[PDB]
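Here's the structure we're looking at; comments come further down.
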Amino acid sequence: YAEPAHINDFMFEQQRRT
Amino acid sequence: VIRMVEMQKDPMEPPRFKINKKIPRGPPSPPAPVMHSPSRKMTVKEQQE
Amino acid sequence: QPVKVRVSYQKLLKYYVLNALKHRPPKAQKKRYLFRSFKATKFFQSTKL
Amino acid sequence: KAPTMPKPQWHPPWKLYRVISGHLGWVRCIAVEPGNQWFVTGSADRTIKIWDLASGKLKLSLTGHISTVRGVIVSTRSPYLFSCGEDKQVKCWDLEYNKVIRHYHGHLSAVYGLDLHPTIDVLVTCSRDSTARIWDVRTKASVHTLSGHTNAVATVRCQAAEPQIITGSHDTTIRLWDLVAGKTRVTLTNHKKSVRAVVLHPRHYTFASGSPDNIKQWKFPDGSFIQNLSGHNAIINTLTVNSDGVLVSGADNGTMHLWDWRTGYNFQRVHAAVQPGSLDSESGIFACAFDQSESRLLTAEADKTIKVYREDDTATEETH
RNA sequence: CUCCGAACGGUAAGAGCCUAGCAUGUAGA
RNA sequence: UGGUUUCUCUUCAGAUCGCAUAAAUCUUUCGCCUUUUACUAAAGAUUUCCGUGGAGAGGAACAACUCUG
């Protein structure tokens with residue numbers, strides 16, 4: 001089940017890699 | 001979460017494959033019934049008229 | 001009176017009229033920037049030589 | 001005893017004012033210009049000829065088709081008198097130079113009718129091969145193949161109010177195919193005969209429908225059977241409706257039965273005559289449409305005579 | 001007087017043997 | 001009041017938008033014609049391409065030199 005989000009790709013890729 | 005980033009292809013290229021011979025959809029349908037009118041015989045003289 | 005200069009002046013004046021007699025449109029257009037889309041791609045690159 | 005019986009609608013009878021006969025063959029389509037000046041009408045002689053809408057005299061003669069011209073849809077949003085021929089060619093004869101400008105193709109057989117959408121820049125060409133075609137105007141290309149008919153799609157309707165495109169199939173099943181998707185959103189549980197007629201009354205109600213045998217009304221949102229038709233068992237081919245409440249039914253037998261869109265009773269129900277050169281049983285209303293001024297009705301018969309029926313004031317026509 | 005043409009409508013038809021300039025860039029344990 | 005430039009993107013262009021001018025398509029015409037495409041040019045209108053014009057949006061270079069008023 002797909003569920004998109006309207007969050008920023010910059011802050012999401014920075015927080016997960018940290 | 002997976003980011004959907006569309007890869008920008010080269011805008012000068014031959015197509016990557018031939019004509020697609022795959023089935024796109026299903027040959028069954030939703031066969032909705034008629035329900036218009038009850039079909040019956042007209043008369044005994046309908047074969048002569 | 002050259003014999004070559006007479007038909008050469010007649011034919012050069014022929015395409016002078018024919019490119020202005022019927023070939024006078026208002027010249028409308030809607031699209032632009034053909035090669036500019038290739039410069040904004042991820043594969044081409046501009047330089048000077 | 002009947003509901004709404006002692007209060008019908010008002011409908012004075014009409015009268016033929018001029019019978020123009022200039023074509024050579026059975027006229028299959030007739031349309032009026034939105035400026036109430038031109039009257040485009042095809043024929044079996046492969047020549048769509050325009051005439052004066054009020055004077056009745058001839059105005060132009062435009063040929064080019066290779067078969068019978070069974071469709072003439074004059075566009076009101078753009079100067080282009082598009083025509084549908086039976087030679088598998090939707091010849092969009094633009095009136096800006098009185099010649100073919102588009103010559104769109106794509107149908108596998110004859111085209112039954114063509115209808116121009118008032119809002120979307122596309123032409124609904126109801127073909128007769130296996131389906132209709134959504135041809136894009138000024139693009140010379142089809143948009144989508146609305147294949148939702150088990151037979152030839154005779155009638156066509158492109159309303160701005162109805163989101164779908166009402167297609168009249170000859171397989172006794174009307175359909176409403178959507179413009180974006182293409183599939184039939186709702187069928188019709190009526191019209192047991194081969195439905196080859198459709199109408200629309202956007203004056204004070206929704207768009208109706210029609211059928212040769214056992215016709216009935218309908219609604220624009222998803223369909224709603226309001227009431228059936230009167231005793232008209234002939235093969236109906238023309239169904240026009242005016243904004244004043246008149247409902248004209250043109251059949252192939254020549255019995256031009258005129259009824260009311262609200263009351264339903266036949267007001268005139270008169271039968272027209274025929275040409276002296278024609279046969280005894282040949283007069284039949286193949287196409288009928290009211291004028292742009294809604295004053296003089298125009299019905300193109302099958303006896304090679306475009307008849308015009310004007311109005312007449314009377315009061316001794318009370319229906320029981 | 002100085003105006004200059006190109007392709008298709010064309011070489012067949014077959015038997016046994018012989019040698020070549022080419023292409024893909026995988027999941028798996 | 002306050003900015004000379006330059007590059008990206010959003011409309012309408014009825015101004016020789018082009019002080020010059022290509023190709024294709026459609027509807028009619030001529031010449032050859034022997035199957036066809038490549039053909040010859042007269043009329044009209046439909047695209048594509050070579051280009052351009054005002055007016056808002058985002059970057060770079062002294063934007064500060066102080067331009068008109």
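The chains in the structure tokens are called A, B, ... from first to last as shown; in each chain the residues are counted from 1, and the ligands are counted from 1 in the order shown.
Those residues that approach residue F:59 to within 12 Å, counting only C-alpha atoms (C1' of nucleotides), are residues 6, 7 and 8 of chain F; same-chain residues fewer than 6 positions away are not listed.
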Go ahead and write the residues just picked, C-alpha atoms (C1' of nucleotides), as a PDB file, in the first residue's frame.
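Generated output (selection08.pdb):
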ATOM      1  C1'   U F   6      23.555  38.423 -18.995  1.00  0.00           C
ATOM      2  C1'   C F   7      21.039  33.407 -18.879  1.00  0.00           C
ATOM      3  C1'   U F   8      16.850  30.428 -17.888  1.00  0.00           C
TER       4        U F   8
END
What's around residue C:44 at 12 Å? Count only C-alpha atoms (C1' of nucleotides), leave out sequence neighbours fewer than 2 positions away in its own chain, and write the answer as a PyMOL selection string.
(chain B and resi 8-12) or (chain C and resi 35-42+46-47)
Residues of chain C within 12 Å of chain E: nearest atom pair and distance (Å, one decimal) for each, counting only C-alpha atoms (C1' of nucleotides), sorted by chain and number, as a Markdown table?
| residue | atom | partner | partner_atom | distance |
| --- | --- | --- | --- | --- |
| C:2 | CA | E:1 | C1' | 10.7 |
| C:3 | CA | E:1 | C1' | 7.5 |
| C:4 | CA | E:2 | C1' | 8.6 |
| C:7 | CA | E:3 | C1' | 11.5 |
For the residues in the current selection, export C-alpha atoms as a PDB file, in the first residue's frame.
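Saved as out-v1.pdb:
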ATOM      1  CA  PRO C   2      25.482  39.583 -73.029  1.00  0.00           C
ATOM      2  CA  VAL C   3      23.212  36.630 -73.744  1.00  0.00           C
ATOM      3  CA  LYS C   4      23.963  35.195 -70.300  1.00  0.00           C
ATOM      4  CA  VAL C   7      18.190  35.549 -68.544  1.00  0.00           C
TER       5      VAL C   7
END
Write out as a PDB file with N, CA and C atoms (P, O5', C5', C4', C3', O3' and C1' of nucleotides), in the first residue's frame each polymer residue whose atoms come within 10 Å of residue F:21, counting only C-alpha atoms (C1' of nucleotides); drop sequence neighbours fewer than 3 positions from it.
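Full text of part-v7.pdb as output:
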ATOM      1  N   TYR C  16      12.635  37.365 -57.033  1.00  0.00           N
ATOM      2  CA  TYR C  16      12.436  38.556 -56.216  1.00  0.00           C
ATOM      3  C   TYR C  16      10.954  38.867 -56.061  1.00  0.00           C
ATOM      4  N   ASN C  19       8.953  35.488 -54.255  1.00  0.00           N
ATOM      5  CA  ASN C  19       9.110  35.403 -52.809  1.00  0.00           C
ATOM      6  C   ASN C  19       8.425  36.546 -52.072  1.00  0.00           C
ATOM      7  N   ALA C  20       7.840  37.507 -52.790  1.00  0.00           N
ATOM      8  CA  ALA C  20       7.104  38.602 -52.179  1.00  0.00           C
ATOM      9  C   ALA C  20       5.663  38.718 -52.649  1.00  0.00           C
ATOM     10  N   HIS C  23       4.297  34.904 -51.004  1.00  0.00           N
ATOM     11  CA  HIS C  23       5.008  34.532 -49.782  1.00  0.00           C
ATOM     12  C   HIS C  23       5.129  35.732 -48.841  1.00  0.00           C
ATOM     13  N   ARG C  24       3.975  36.275 -48.464  1.00  0.00           N
ATOM     14  CA  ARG C  24       3.898  37.343 -47.466  1.00  0.00           C
ATOM     15  C   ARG C  24       2.858  36.999 -46.403  1.00  0.00           C
TER      16      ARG C  24
ATOM     17  P     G F  18      10.601  42.844 -37.744  1.00  0.00           P
ATOM     18  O5'   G F  18      10.800  41.827 -38.955  1.00  0.00           O
ATOM     19  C5'   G F  18      12.089  41.316 -39.289  1.00  0.00           C
ATOM     20  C4'   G F  18      12.228  41.046 -40.770  1.00  0.00           C
ATOM     21  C3'   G F  18      11.064  41.503 -41.633  1.00  0.00           C
ATOM     22  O3'   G F  18      11.561  41.928 -42.900  1.00  0.00           O
ATOM     23  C1'   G F  18      11.254  39.115 -41.715  1.00  0.00           C
ATOM     24  P     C F  50      14.850  26.266 -35.435  1.00  0.00           P
ATOM     25  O5'   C F  50      15.487  27.306 -36.459  1.00  0.00           O
ATOM     26  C5'   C F  50      16.629  26.971 -37.234  1.00  0.00           C
ATOM     27  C4'   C F  50      17.009  28.107 -38.145  1.00  0.00           C
ATOM     28  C3'   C F  50      17.049  29.479 -37.495  1.00  0.00           C
ATOM     29  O3'   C F  50      18.254  29.715 -36.788  1.00  0.00           O
ATOM     30  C1'   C F  50      15.880  29.605 -39.554  1.00  0.00           C
TER      31        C F  50
END
Can you list, as a VMD selection string, all residues belonging to stretch 167-285 of chain D that DSSP tags as strand (DSSP E or B)?
chain D and resid 167 to 169 175 to 178 184 to 187 216 228 236 to 241 246 to 251 255 to 260 266 270 to 271 285
Just write the chosen residues, N, CA, C and O atoms, as a compact mmCIF listing (two decimals), in the first residue's frame.
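Saved the output as part-v8.txt:
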# COMPACT_ATOMS: atom_id res chain seq x y z
N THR D 167 -23.22 8.47 -26.56
CA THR D 167 -23.15 7.82 -27.86
C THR D 167 -24.38 6.94 -28.06
O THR D 167 -24.77 6.19 -27.16
N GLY D 168 -24.99 7.05 -29.24
CA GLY D 168 -26.15 6.24 -29.56
C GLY D 168 -25.80 5.02 -30.39
O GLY D 168 -25.54 5.13 -31.59
N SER D 169 -25.79 3.85 -29.75
CA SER D 169 -25.42 2.61 -30.42
C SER D 169 -26.65 1.94 -31.01
O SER D 169 -27.75 2.02 -30.45
N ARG D 175 -25.01 4.50 -24.46
CA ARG D 175 -23.88 4.52 -23.54
C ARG D 175 -23.41 5.95 -23.36
O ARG D 175 -23.65 6.81 -24.21
N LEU D 176 -22.74 6.19 -22.23
CA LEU D 176 -22.19 7.50 -21.89
C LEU D 176 -20.70 7.31 -21.60
O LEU D 176 -20.30 7.09 -20.46
N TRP D 177 -19.88 7.39 -22.65
CA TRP D 177 -18.44 7.23 -22.53
C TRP D 177 -17.80 8.55 -22.12
O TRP D 177 -18.07 9.60 -22.71
N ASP D 178 -16.94 8.48 -21.10
CA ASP D 178 -16.27 9.65 -20.56
C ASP D 178 -15.22 10.17 -21.54
O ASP D 178 -14.68 9.44 -22.37
N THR D 184 -17.53 3.39 -20.99
CA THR D 184 -18.92 3.77 -20.78
C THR D 184 -19.23 3.79 -19.29
O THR D 184 -19.17 2.76 -18.62
N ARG D 185 -19.57 4.97 -18.77
CA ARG D 185 -19.85 5.10 -17.34
C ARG D 185 -21.21 4.54 -16.96
O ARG D 185 -21.36 4.06 -15.83
N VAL D 186 -22.19 4.59 -17.86
CA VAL D 186 -23.52 4.08 -17.57
C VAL D 186 -24.18 3.70 -18.89
O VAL D 186 -24.06 4.41 -19.89
N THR D 187 -24.88 2.57 -18.88
CA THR D 187 -25.64 2.11 -20.03
C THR D 187 -27.07 2.64 -19.93
O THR D 187 -27.38 3.52 -19.13
N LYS D 216 -38.11 6.90 -24.89
CA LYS D 216 -38.31 7.40 -23.54
C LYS D 216 -37.35 8.55 -23.30
O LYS D 216 -36.37 8.72 -24.03
N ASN D 228 -42.00 7.62 -20.89
CA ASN D 228 -41.86 7.04 -22.22
C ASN D 228 -42.48 7.96 -23.26
O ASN D 228 -43.01 9.04 -22.96
N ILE D 236 -37.75 6.13 -36.30
CA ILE D 236 -37.41 7.54 -36.13
C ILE D 236 -35.94 7.76 -36.45
O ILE D 236 -35.07 7.00 -36.00
N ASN D 237 -35.66 8.80 -37.23
CA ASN D 237 -34.29 9.16 -37.59
C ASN D 237 -33.90 10.57 -37.19
O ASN D 237 -32.71 10.85 -37.06
N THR D 238 -34.87 11.47 -36.99
CA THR D 238 -34.60 12.84 -36.60
C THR D 238 -35.37 13.16 -35.33
O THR D 238 -36.57 12.87 -35.24
N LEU D 239 -34.69 13.75 -34.35
CA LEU D 239 -35.30 14.12 -33.07
C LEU D 239 -34.76 15.49 -32.67
O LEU D 239 -33.65 15.59 -32.13
N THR D 240 -35.54 16.53 -32.92
CA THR D 240 -35.17 17.89 -32.56
C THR D 240 -36.09 18.40 -31.45
O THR D 240 -37.25 17.97 -31.34
N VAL D 241 -35.56 19.30 -30.64
CA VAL D 241 -36.31 19.89 -29.53
C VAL D 241 -35.91 21.36 -29.41
O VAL D 241 -34.72 21.68 -29.36
N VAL D 246 -41.21 22.64 -27.69
CA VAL D 246 -41.66 21.81 -28.80
C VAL D 246 -40.73 20.62 -28.94
O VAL D 246 -39.51 20.73 -28.75
N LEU D 247 -41.30 19.47 -29.29
CA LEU D 247 -40.53 18.25 -29.50
C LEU D 247 -40.93 17.66 -30.84
O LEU D 247 -42.04 17.13 -30.98
N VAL D 248 -40.04 17.75 -31.82
CA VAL D 248 -40.30 17.29 -33.18
C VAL D 248 -39.62 15.93 -33.35
O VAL D 248 -38.45 15.76 -33.00
N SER D 249 -40.37 14.97 -33.88
CA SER D 249 -39.87 13.62 -34.14
C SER D 249 -39.99 13.35 -35.64
O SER D 249 -41.09 13.30 -36.18
N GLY D 250 -38.85 13.17 -36.30
CA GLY D 250 -38.84 12.86 -37.71
C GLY D 250 -38.60 11.38 -37.99
O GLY D 250 -37.51 10.86 -37.72
N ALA D 251 -39.61 10.70 -38.51
CA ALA D 251 -39.54 9.28 -38.78
C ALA D 251 -39.31 9.03 -40.27
O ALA D 251 -39.39 9.93 -41.10
N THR D 255 -44.38 10.38 -41.19
CA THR D 255 -45.29 10.87 -40.16
C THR D 255 -44.48 11.72 -39.18
O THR D 255 -43.98 11.24 -38.16
N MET D 256 -44.36 13.01 -39.49
CA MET D 256 -43.64 13.94 -38.64
C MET D 256 -44.51 14.28 -37.44
O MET D 256 -45.26 15.26 -37.45
N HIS D 257 -44.41 13.47 -36.39
CA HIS D 257 -45.20 13.65 -35.18
C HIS D 257 -44.52 14.67 -34.28
O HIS D 257 -43.37 14.46 -33.86
N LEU D 258 -45.21 15.76 -33.98
CA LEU D 258 -44.70 16.82 -33.12
C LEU D 258 -45.42 16.75 -31.78
O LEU D 258 -46.66 16.82 -31.74
N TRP D 259 -44.66 16.63 -30.70
CA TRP D 259 -45.21 16.52 -29.36
C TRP D 259 -44.57 17.57 -28.47
O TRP D 259 -43.85 18.46 -28.94
N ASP D 260 -44.85 17.48 -27.17
CA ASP D 260 -44.32 18.41 -26.19
C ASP D 260 -43.27 17.73 -25.33
O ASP D 260 -43.40 16.54 -25.00
N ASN D 266 -48.96 14.42 -28.51
CA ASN D 266 -48.66 14.90 -29.85
C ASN D 266 -49.53 16.09 -30.21
O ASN D 266 -50.76 15.97 -30.25
N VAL D 270 -48.75 15.63 -37.90
CA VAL D 270 -49.12 15.72 -39.31
C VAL D 270 -48.14 14.91 -40.15
O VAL D 270 -47.00 14.65 -39.75
N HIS D 271 -48.59 14.51 -41.34
CA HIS D 271 -47.78 13.78 -42.30
C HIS D 271 -47.55 14.65 -43.53
O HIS D 271 -48.49 15.26 -44.05
N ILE D 285 -38.58 11.83 -43.15
CA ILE D 285 -37.74 12.85 -42.53
C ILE D 285 -36.47 12.18 -42.01
O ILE D 285 -36.49 11.51 -40.98
Mind listing the alpha helix (DSSP H) residues of chain C, per DSSP on the backbone, as an NGL selection string?
:C and (3-21 or 36-39)
Up to 10 Å from chain D, what residues of chain B turn up? Count only C-alpha atoms and give them as a CSV table (one decimal) with N, CA and C atoms, in the first residue's frame.
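This is the output file iface.csv:
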chain,number,residue,atom,x,y,z
B,32,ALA,N,-22.9,-5.6,-18.3
B,32,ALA,CA,-24.1,-5.0,-17.7
B,32,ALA,C,-25.4,-5.6,-18.4
B,33,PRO,N,-26.4,-6.0,-17.7
B,33,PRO,CA,-27.6,-6.6,-18.3
B,33,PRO,C,-28.5,-5.5,-19.0
B,34,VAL,N,-29.4,-6.0,-19.9
B,34,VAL,CA,-30.2,-5.0,-20.6
B,34,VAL,C,-31.3,-4.5,-19.8
B,35,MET,N,-32.2,-5.4,-19.3
B,35,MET,CA,-33.4,-5.1,-18.5
B,35,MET,C,-34.3,-4.0,-19.2
B,36,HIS,N,-34.4,-4.0,-20.5
B,36,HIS,CA,-35.2,-3.0,-21.2
B,36,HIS,C,-36.7,-3.3,-21.2
B,37,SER,N,-37.0,-4.5,-21.8
B,37,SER,CA,-38.5,-4.8,-21.9
B,37,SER,C,-38.6,-6.4,-21.9
B,38,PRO,N,-39.7,-6.9,-21.4
B,38,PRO,CA,-39.9,-8.4,-21.5
B,38,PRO,C,-40.3,-8.8,-23.0
B,39,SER,N,-39.4,-9.5,-23.6
B,39,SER,CA,-39.6,-10.0,-25.0
B,39,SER,C,-40.7,-11.1,-25.0
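Selected on chain D by distance to chain F: residues 62, 63, 64, 91, 92, 93, 94, 95, 96, 97, 98, 99, 100, 101, 102, 103, 104, 138, 139 and 140 of chain D (within 12 Å, counting only C-alpha atoms (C1' of nucleotides)).
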Just write the chosen residues, N, CA and C atoms, as a tab-separated table (two decimals), in the first residue's frame.
chain	number	residue	atom	x	y	z
D	62	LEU	N	-20.53	22.72	-52.59
D	62	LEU	CA	-19.20	22.22	-52.25
D	62	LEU	C	-19.22	20.70	-52.29
D	63	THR	N	-18.54	20.13	-53.28
D	63	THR	CA	-18.42	18.69	-53.42
D	63	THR	C	-17.05	18.23	-52.93
D	64	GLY	N	-16.77	16.95	-53.11
D	64	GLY	CA	-15.47	16.41	-52.74
D	64	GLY	C	-15.54	15.03	-52.13
D	91	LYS	N	-14.20	14.74	-43.86
D	91	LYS	CA	-13.69	15.89	-44.60
D	91	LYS	C	-14.10	17.17	-43.90
D	92	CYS	N	-13.16	17.80	-43.19
D	92	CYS	CA	-13.42	19.03	-42.46
D	92	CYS	C	-13.24	20.21	-43.42
D	93	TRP	N	-14.28	20.46	-44.21
D	93	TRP	CA	-14.26	21.54	-45.19
D	93	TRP	C	-14.40	22.89	-44.49
D	94	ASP	N	-13.27	23.57	-44.28
D	94	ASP	CA	-13.28	24.87	-43.63
D	94	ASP	C	-13.87	25.92	-44.57
D	95	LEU	N	-14.72	26.78	-44.02
D	95	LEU	CA	-15.39	27.81	-44.81
D	95	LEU	C	-14.54	29.06	-44.99
D	96	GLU	N	-13.29	29.06	-44.54
D	96	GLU	CA	-12.42	30.21	-44.74
D	96	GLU	C	-11.91	30.32	-46.17
D	97	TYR	N	-11.91	29.21	-46.92
D	97	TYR	CA	-11.51	29.25	-48.32
D	97	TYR	C	-12.39	28.36	-49.19
D	98	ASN	N	-13.47	27.79	-48.63
D	98	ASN	CA	-14.41	26.89	-49.31
D	98	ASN	C	-13.71	25.68	-49.92
D	99	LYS	N	-12.88	25.03	-49.10
D	99	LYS	CA	-12.13	23.86	-49.55
D	99	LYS	C	-11.80	23.01	-48.33
D	100	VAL	N	-11.24	21.82	-48.60
D	100	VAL	CA	-10.80	20.94	-47.53
D	100	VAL	C	-9.54	21.49	-46.89
D	101	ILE	N	-9.48	21.47	-45.56
D	101	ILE	CA	-8.35	22.05	-44.85
D	101	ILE	C	-7.68	21.01	-43.97
D	102	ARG	N	-8.44	20.01	-43.52
D	102	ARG	CA	-7.92	19.00	-42.60
D	102	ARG	C	-7.86	17.62	-43.24
D	103	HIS	N	-9.00	17.12	-43.75
D	103	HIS	CA	-9.14	15.77	-44.32
D	103	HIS	C	-8.68	14.68	-43.36
D	104	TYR	N	-9.25	14.68	-42.16
D	104	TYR	CA	-8.87	13.71	-41.14
D	104	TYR	C	-9.39	12.32	-41.49
D	138	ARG	N	-7.88	20.88	-35.45
D	138	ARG	CA	-6.62	21.56	-35.76
D	138	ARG	C	-5.39	20.79	-35.28
D	139	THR	N	-5.48	19.47	-35.21
D	139	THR	CA	-4.36	18.64	-34.80
D	139	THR	C	-4.21	17.46	-35.75
D	140	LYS	N	-5.30	17.12	-36.45
D	140	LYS	CA	-5.38	16.02	-37.42
D	140	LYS	C	-4.98	14.68	-36.80
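The chain A residues that come within 10 Å of chain B are residues 2, 3, 4, 5, 9, 12 and 13 of chain A, with only C-alpha atoms taken into account.
Excluding residue F:68 itself and same-chain residues fewer than 2 positions from it, the residues having an atom within 12 Å of it are residues 1, 2 and 66 of chain F, counting only C-alpha atoms (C1' of nucleotides).
Reported to one decimal place, the separation of atom CA of residue D:221 from atom CA of residue D:134 is 21.4 Å.
The spacing separating atom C1' of residue F:12 from atom CA of residue D:180 amounts to 28.9 Å.
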